[PDB]
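Taken one at a time, structure 1 and structure 2 that follow are two forms of one protein chain, written as structure tokens.
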Structure 1
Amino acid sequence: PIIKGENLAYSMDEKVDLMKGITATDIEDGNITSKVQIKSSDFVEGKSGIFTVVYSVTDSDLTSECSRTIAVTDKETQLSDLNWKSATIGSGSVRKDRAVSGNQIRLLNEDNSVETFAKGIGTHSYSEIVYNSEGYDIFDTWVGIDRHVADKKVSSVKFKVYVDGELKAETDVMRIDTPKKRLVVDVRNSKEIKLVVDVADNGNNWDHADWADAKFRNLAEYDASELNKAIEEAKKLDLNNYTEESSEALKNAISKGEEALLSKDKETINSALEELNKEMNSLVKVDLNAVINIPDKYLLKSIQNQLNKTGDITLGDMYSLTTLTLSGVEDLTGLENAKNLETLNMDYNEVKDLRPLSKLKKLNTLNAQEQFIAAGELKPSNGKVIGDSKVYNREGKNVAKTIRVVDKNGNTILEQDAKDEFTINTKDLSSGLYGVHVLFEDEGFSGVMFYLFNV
């Protein structure tokens, strides 16, 4: 059994396949790659680092083991975007982002297609290129014979990577038809990396070699594991069991945490985590048994008729209203607790203020037409009578339309536009009873607010 596996490198957003590149062949069994198991690993998902995984397989009639590292990195720096400390080359000159022949960097793929790279280092054996590697964690590159010498027959090189003078990785002898190979080297706490292209056989003849996509890769400067843990536990809670104010704050913190995950910014994540933890401990549970204060006895009777019960109406009772029919109601106070109310049938009632229903998010059917609010008697003073004529809709807007004054015979003695208040001259009025009609209309909300004043 020949179990094989090379070092890999992944980015922060990529899905890590722990079995990528693992093969197992045996002369007695054949391809036993499907029977490969993991013997040891320190890998953690959603975490930046360099993890070690050990692989073991058992054949029909014998076990073999192999080990490889898997790095999860973030920021990358192309070597061609940096300056080398020194560079030697057997023929021509080293070129950044181009092959040694000046053409694009081109290597061979496993399916015999050609891979064209925009970034990399084009050199020629024998070659030694040294870079400053201080502060970098992982070196990643593709290597192979450049496609410009695809007709030269004798092209052959070997790639080697030295870290502070120590050989850390190398390929076999690569020829024209050898598909490109990947090299992922740990360069942690190093000062120099040396990229070596040896001549293999036939000297350096036509040894066009590319360090394709050669780049440094660093571990992430952030960690989203703690924020991910707090969000998942927060999303497990039922927002209906908490007050609308506290559930809104937690919901906003969950959203801010989800935004922080996408930012991949350390302080944005930490700040969202602290806020999410604060709203997590600031949650206050509802009390479905607490009594709701309903000052209007007709509203209390209307809710009792809809729910079939006597005595106090609870918040749990209020949460259960999806439809409600009113009769003889003057004050909607208390209905702000029925957050699930969808339909309110209150035609021919005595309501002049829809503001208690302002925050009802599901109230799509409101039948509040032809109200009549007997607003009592106004006492004339200083030769005039003054009354209030503001009728509020759900948005808190005065929807009063027509102010008309009527005498005992039904004849309109005056009419004007409705404002917040009205002032009627009474010095010129004959002695008797007079009525004041405050006409108002809106989307589904209309009626008459009636006053009277004696003279």
Structure 2
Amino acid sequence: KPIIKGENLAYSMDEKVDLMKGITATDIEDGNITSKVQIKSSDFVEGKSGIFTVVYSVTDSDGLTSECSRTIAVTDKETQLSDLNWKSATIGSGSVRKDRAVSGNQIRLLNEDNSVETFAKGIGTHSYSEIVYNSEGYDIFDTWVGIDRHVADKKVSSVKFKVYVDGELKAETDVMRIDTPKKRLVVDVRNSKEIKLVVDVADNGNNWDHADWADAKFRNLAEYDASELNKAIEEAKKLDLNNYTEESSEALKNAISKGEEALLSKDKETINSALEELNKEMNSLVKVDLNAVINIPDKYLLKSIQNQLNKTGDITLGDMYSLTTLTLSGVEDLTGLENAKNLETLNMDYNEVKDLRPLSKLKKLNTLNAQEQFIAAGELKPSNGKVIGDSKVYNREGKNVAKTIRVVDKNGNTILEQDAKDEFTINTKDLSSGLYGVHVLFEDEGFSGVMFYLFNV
């Protein structure tokens, strides 16, 4: 013989539905058995816009069972009735007001906790009142109702709110008085032509029956759905990016991030495009080949890596990925180290390297020791009575970090000194016969040395 109650609800797309919200159960014998209520059945799907049905069941001490049913709408776009024109409006006293109470004051109703709720939007009327709207093309009507707070001191105010859809009563309140907290009415208006909002007089005629339809609005189902994109994002996140090439994994990571962003758009085309792109990048993934051999042209770099890994013979991509620290001896060319994606530390002081660009994309290389390089860059051959040489020494950013050029005779005398550019030109017509050295001094964070050329006059 238990009594189980629950009224229709509505949520927006952003909100988390509580299937048990506003469900209560009582039993004269058992007392309050709300916590004993179970969901018997539902068509509810999370993440879906719709008007869902939930059936609730409860069973007391003596095994007697009661049921009830209500709908829960999950909607997107809203249209305030105060932003529309009514087809017709009657009112017992005063004028129907858009976005104000009938008194002209702000719409104000009573909350359950006896605070006052002040509303920006709604319809202010007065019993007896019938207001008719064109309801074509809308899904849900939602409103708060109660006695306007302007008449809080008037004692007698009393009304009943009723909602008719195409002439049929679909929702109503009990009699509401000044001290009655606001009530919500959530009504299915799908495939309808008119809604009629009625404020009846209850007791004491219409006296002081200032009545508000606060935040009265239509709510429509969403014109997008985020569910497939959500699933694709989840599917993508399951994949082990270690199975795939750096490049293709990066593309996928980027598609995942764009998917997460597109969910916030609440826009069908944006969501659909992000899903298409994510599916594309998933299908575009390329399996890594950790056994592919890496070209390491510098025999000293090859020996350095072989020693670090304790192996002989060819170095593979997987081998390169295992490097976290590496010490170099005798290296001139870092070609191959582009593949050392996990490298954290490179100890290469007193090597022979003029170009750090192969290290540029090593994202974890936080410790680079590359001081006191000496690069024997060979002979320059005079032509047109001059020598022209390259003085580019590249850091990881591809910046030329050469600082100064010094030209030195056979007796160690500096004969020319200038700030370094990308190239230098030396007149050889006015030099005494013999050997000359060109010292290109360079310096940058962690990277320094001399690049040396010889020329003969």
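C-alpha atoms forming the largest set that superposes within 1.5 Å between two forms make up the rigid core. Along the sequence of structure 1, residues get numbers from 1 upward.
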Checklist entry - Superposing on the core, which single option in 28, 420, 45, 42 has a CA shift of 2 Å or more between structure 1 and structure 2? => result 420
Checklist entry - Once the two forms are fit on the core, has residue 56 moved its CA by at least 2 Å between structure 1 and structure 2? => result no
Checklist entry - Does residue 67 count as moved between structure 1 and structure 2, where moved means a C-alpha shift of 2 angstroms or more after fitting the rigid core? => result no
Next on the checklist: Quick check: residue 377 between structure 1 and structure 2 - does its CA shift reach 2 Å or more after fitting the rigid core?
Outcome noted: yes
Checklist outcome for this item: Between-form comparison on the rigid core puts the Cα shift of residue 446 between structure 1 and structure 2, in Å, at 1.9
Item to check | Core-referenced Cα shift (Å), residue 234, between structure 1 and structure 2 | outcome: 0.7
Checklist outcome for this item: In Å, the rigid core superposition gives a C-alpha shift for residue 429 between structure 1 and structure 2 of 4.6
